[PDB]
2 protein chains.
Amino acid sequence: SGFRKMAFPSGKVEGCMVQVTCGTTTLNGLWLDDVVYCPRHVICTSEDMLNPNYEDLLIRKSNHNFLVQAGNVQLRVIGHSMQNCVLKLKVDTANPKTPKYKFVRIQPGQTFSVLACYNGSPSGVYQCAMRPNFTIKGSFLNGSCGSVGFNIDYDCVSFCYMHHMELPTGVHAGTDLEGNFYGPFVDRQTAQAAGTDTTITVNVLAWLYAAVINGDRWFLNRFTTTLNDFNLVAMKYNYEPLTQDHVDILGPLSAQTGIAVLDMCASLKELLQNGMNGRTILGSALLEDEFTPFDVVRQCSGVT
Amino acid sequence: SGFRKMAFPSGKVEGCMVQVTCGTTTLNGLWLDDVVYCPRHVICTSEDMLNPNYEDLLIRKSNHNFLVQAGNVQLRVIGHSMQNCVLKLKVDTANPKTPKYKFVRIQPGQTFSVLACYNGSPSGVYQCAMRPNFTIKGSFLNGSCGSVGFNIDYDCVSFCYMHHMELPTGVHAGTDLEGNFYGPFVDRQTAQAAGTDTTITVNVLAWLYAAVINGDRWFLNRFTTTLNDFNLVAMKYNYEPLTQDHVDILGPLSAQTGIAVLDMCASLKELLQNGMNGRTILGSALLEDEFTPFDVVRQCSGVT
Ligand SMILES: NC(=O)c1ccc(NC(=O)[C@@H]2CCCO2)cc1
Ligand SMILES: NC(=O)c1ccc(NC(=O)[C@@H]2CCCO2)cc1
């Protein structure tokens with residue numbers, strides 16, 4: 001028992017992390033097969049970042065200008081291309097530690113593990129969510145760019161995020177491994193304000209299921225609601241509208257606990273309207289929305 | 001910027017995890033050099049756990065009764081001994097992936113990463129603290145025993161915890177890698193109630209420093225306090241007494257932020273007495289005590 005914000009084991013991704021240096025900019029690269037993926041802003045000075053023309057900056061760069069180091073060993077760059085906001089650096093050596101992997105573009109509300117890296121060296125691992133405003137709330141200092149977000153299905157790492165920038169509000173924006181930003185963000189140092197950080201309702205409900213499973217049940221009430229009634233309250237509290245898709249996704253947790261999804265909705269409605277009254281749920285004084293139904297099932301059943 | 005509950009990268013420890021089976025009991029072992037460490041209760045049936053005589057149960061066990069599997073490969077057990085509450089299984093093969101390592105017995109309030117494992121396969125990594133009552137609040141299902149807690153200093157894994165049992169209250173108890181339980185807990189299925197789960201005051205202050213560093217400053221006030229005055233409030237709120245040792249430990253964060261430790265104490269005193277009033281600090285509605293001053297410095301400076 002017990003319920004923890006749990007990252008995937010990072011070993012498979014540790015084995016992929018390299019240092020990429022272009023001129024005076026050092027950040028992290030992901031080495032899969034004979035390709036190193038990194039943010040294209042590796043080619044920018046701090047000055048460049050104000051109004052970068054990446055195609056033009058990239059013309060002034062050759063294979064030998066990209067310094068790629070895996071541990072203490074230099075990789076030879078035999079090609080480089082720009083795909084959207086990432087650079088793909090072709091190297092002469094396939095990463096021998098390349099895991100089974102996929103590139104996946106995740107939806108808002110989906111969770112993933114970040115391996116925070118500096119100079120291609122892992123510093124730590126934490127779990128986060130693609131926010132509904134397509135930011136993430138990460139922990140990223142200078143040099144952390146090219147750190148990646150991932151999920152693991154048994155032995156297959158699905159890479160879903162590469163870190164690119166911090167908004168002036170200290171939230172984070174990045175790309176999938178095809179170099180496409182999540183949301184409207186650009187790799188330029190400009191006014192980019194995030195939209196409403198709404199709460200991932202389906203994830204809160206999942207976490208309320210996890211709480212019941214793990215003995216935290218004080219918030220279960222005598223009430224039910226409908227999707228429409230619940231959603232009137234959700235809207236009021238900047239919670240994402242709950243869909244029948246979400247209800248269907250919560251079906252297994254509903255089944256396990258014997259609490260109908262709409263009853264858990266009615267409990268969540270009372271928690272929104274009444275607050276927690278100084279009480280906690282799974283050691284949190286606020287409603288946690290960075291567990292997916294899949295995360296709750298995985299953690300509650302012990303998938304490896 | 002941003003501040004996350006961050007585990008150490010787990011790769012070095014993933015490479016140490018094995019499955020140990022004795023009869024019908026399967027749990028996890030830690031393979032370092034030619035020794036596999038596992039909870040001695042691997043030799044117990046569920047029946048045995050009510051009143052186990054480990055020396056007597058162990059007599060009925062031979063090397064060939066301990067089934068040790070690293071991935072899909074069986075290890076040959078050439079010796080077995082009991083050290084306190086762990087078994088040391090000597091195997092004929094040194095773990096080729098043995099990292100630099102130490103066994104350390106941590107103090108209450110100290111944080112570490114847990115690699116939750118089932119059948120010797122990692123399921124996830126999370127950060128936790130040795131509580132002042134020598135429990136941990138983990139996430140451990142049946143089969144998770146022998147999962148380990150660790151810190152990393154660059155390339156040296158300090159193993160500080162091996163998971164052994166869940167108290168009837170769903171908190172966790174375990175040993176160091178010498179098999180000595182943290183606190184008064186025993187590997188027997190009995191009435192074992194945890195003491196007062198007091199808040200790790202020095203860790204809260206560290207996390208308040210992290211909050212200021214990362215822009216969350218609404219709780220800074222116009223007041224200061226003394227250690228004695230603060231401690232009267234601490235006692236009232238089941239917070240650990242703050243010592244001059246703790247003040248000295250917070251010195252670097254004090255220096256970085258220019259907020260005197262006793263001023264941060266006075267801010268923490270007001271937060272205890274006045275609550276958060278529906279406000280959050282680093283996305284928490286309660287005072288987080290599972291970051292050490294070292295964790296805050298490490299994460300705020302980007303140590304790898
Ligand atoms: N304003 C934009 O250019 C914009 C681009 C992409 C998205 N969608 C996403 O990032 C993820 C990807 C899967 C669907 O949701 C939203 C807005
Ligand atoms: N009642 C007991 O037998 C007991 C045993 C050990 C401890 N101390 C610890 O577990 C850690 C280890 C470093 C100091 O604090 C406390 C009580």
Side-chain angles (χ1 to χ4, degrees), chain A residues 1-6 127 206-220 253 256-259 264 267 276 278-288 291 295-303, chain B residues 5 7 25 27-28 39 41 44 46 49-50 85 108-109 111-118 123-149 161-175 181-200 238 286 288-290:
Chain A
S1 304
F3 203 74
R4 274 282 183 177
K5 191 65 73 55
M6 192 172 292
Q127 192 69 356
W207 169 83
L208 286 172
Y209 279 107
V212 170
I213 287 168
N214 286 279
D216 283 352
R217 317 148 67 86
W218 62 260
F219 59 83
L220 293 177
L253 292 173
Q256 197 184 324
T257 62
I259 295 163
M264 195 62 93
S267 281
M276 285 223 190
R279 298 181 74 17
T280 58
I281 302 171
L282 295 170
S284 174
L286 56 67
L287 299 172
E288 301 291 349
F291 297 98
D295 297 336
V296 169
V297 165
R298 178 170 332 99
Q299 185 173 164
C300 286
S301 86
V303 183
Chain B
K5 191 65 73 55
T25 304
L27 47 57
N28 304 287
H41 82 233
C44 298
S46 192
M49 283 310 284
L50 294 174
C85 299
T111 56
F112 58 89
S113 300
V114 173
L115 183 64
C117 296
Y118 301 88
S123 43
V125 66
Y126 52 87
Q127 192 69 356
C128 63
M130 184 52 59
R131 300 312 308 171
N133 66 2
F134 299 99
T135 63
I136 75 171
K137 319 191 105 294
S139 179
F140 292 118
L141 303 175
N142 287 338
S144 65
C145 298
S147 305
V148 301
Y161 182 88
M162 180 171 273
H163 187 53
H164 286 248
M165 68 188 329
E166 188 168 78
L167 301 194
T169 53
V171 299
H172 300 114
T175 70
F181 264 88
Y182 288 98
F185 301 113
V186 298
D187 50 355
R188 184 180 163 188
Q189 185 178 318
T190 54
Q192 316 188 61
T196 304
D197 200 354
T198 57
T199 303
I200 312 152
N238 295 104
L286 56 67
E288 301 291 349
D289 81 336
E290 297 202 347

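Every chain is numbered from 1, with letters handed out A, B, ... down the list of sequences.
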Under the ring-ring contact (aromatic ring centres under 6.0 Å, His included) test, residues paired with B:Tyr182 that sit two or more places apart | none
Of all heavy-atom pairs linking A:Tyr209 and A:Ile259, the shortest is OH-O, 2.7 Å
Could you list the donor-acceptor pairs under 3.5 angstrom formed between side-chain atoms of residues 137-148 of chain B and any protein atom two or more places apart in sequence or on another chain?
from     : atom 1 : to       : atom 2 : distance (Å)
B:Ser139 : OG     : A:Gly2   : O      : 3.2
B:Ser139 : OG     : A:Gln299 : OE1    : 2.6
B:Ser144 : OG     : B:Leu141 : N      : 3.4
B:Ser144 : OG     : B:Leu141 : O      : 2.6
B:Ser147 : OG     : B:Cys117 : N      : 2.9
B:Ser147 : OG     : B:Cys117 : O      : 3.4
B:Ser147 : OG     : B:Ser144 : O      : 2.5

Looking at residues at least two apart in the chain, or sitting in another chain, which of them share a side chain to side chain donor-acceptor pair (under 3.5 Å) with B:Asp197?
-> B:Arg131
Partner residues of B:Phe181 under the ring-ring contact (aromatic ring centres under 6.0 Å, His included) criterion, sequence neighbours left out = B:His164
What residues, two or more places apart in sequence or in another chain, satisfy side chain to side chain donor-acceptor pair (under 3.5 Å) together with B:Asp187?
-> B:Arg40
Are B:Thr198 and B:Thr196 side-chain neighbours, meaning at least one heavy-atom pair lies under 4.5 Å?
-> yes
What residues, two or more places apart in sequence or in another chain, satisfy side chain to side chain donor-acceptor pair (under 3.5 Å) together with B:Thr135?
-> B:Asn133
Can you sort out the partners of A:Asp295 under side chain to side chain donor-acceptor pair (under 3.5 Å), two or more places apart, ordered by chain and number?
-> A:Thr111, A:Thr292, A:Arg298
Backbone N/O of B:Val186 and side chain of B:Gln192: donor-acceptor pair under 3.5 Å | yes
Could I get the full list of salt bridge (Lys or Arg N to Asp or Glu O under 4.0 Å) partners for A:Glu288, not counting sequence neighbours?
-> none
Using the test side-chain contact (heavy atoms from CB on, under 4.5 Å), find all partners of B:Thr169 that sit at least two apart in sequence or belong to another chain.
-> B:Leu167, B:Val171
First locate atom CG of A:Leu253, then atom CG of A:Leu208, and finally report the distance between them rounded to the nearest 0.5 Å.
-> 10.5 Å
For A:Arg217, enumerate each residue passing the side-chain contact (heavy atoms from CB on, under 4.5 Å) test, keeping only those at least two apart in sequence or located in another chain.
-> A:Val212, A:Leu220
Considering residues at least two apart in sequence or located in another chain, which fulfil the side-chain contact (heavy atoms from CB on, under 4.5 Å) criterion with B:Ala116?
-> B:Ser123, B:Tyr126
For B:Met49 and B:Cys44, which heavy atoms make the closest approach, and how far apart are they?
-> SD-CB, 3.6 Å
Shortest non-hydrogen separation from B:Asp289 to B:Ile200 and the atoms involved | OD2-N, 2.7 Å
Just do the side-chain contact (heavy atoms from CB on, under 4.5 Å) check on B:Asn28 and B:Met162 with the steps written out, would you?
-> CA-CA 10 Å; B:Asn28 304 287; B:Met162 180 171 273; over 6 Å; no
Non-hydrogen atoms of B:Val114 and B:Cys128 that approach each other most closely | CG2-SG, 3.6 Å
Step by step, would you call A:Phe3 with A:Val296 a side-chain contact (heavy atoms from CB on, under 4.5 Å)?
-> CA-CA 9 Å; A:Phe3 203 74; A:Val296 169; 3.7 Å; yes
Where A:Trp207 and A:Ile281 come nearest, the two heavy atoms and their spacing | CZ2-O, 3.2 Å
Taking every heavy atom of A:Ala210 against every heavy atom of A:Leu282, the minimum-distance pair comes out as C-CD1, 3.9 Å
Using the test ring-ring contact (aromatic ring centres under 6.0 Å, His included), find all partners of B:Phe112 that sit at least two apart in sequence or belong to another chain.
-> B:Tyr161
Please test B:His41 against B:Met165 for side-chain contact (heavy atoms from CB on, under 4.5 Å), starting from the C-alpha separation and ending with a verdict.
-> CA-CA 10 Å; B:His41 82 233; B:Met165 68 188 329; 5.5 Å; no
Using the side-chain contact (heavy atoms from CB on, under 4.5 Å) rule, take B:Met130 and B:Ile136 through it: C-alpha gap first, then chi angles, then the decisive distance, then the call.
-> CA-CA 5 Å; B:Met130 184 52 59; B:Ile136 75 171; 3.8 Å; yes
With a 4.5 Å heavy-atom cut-off, do A:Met276 and A:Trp218 have their side chains touching?
-> yes
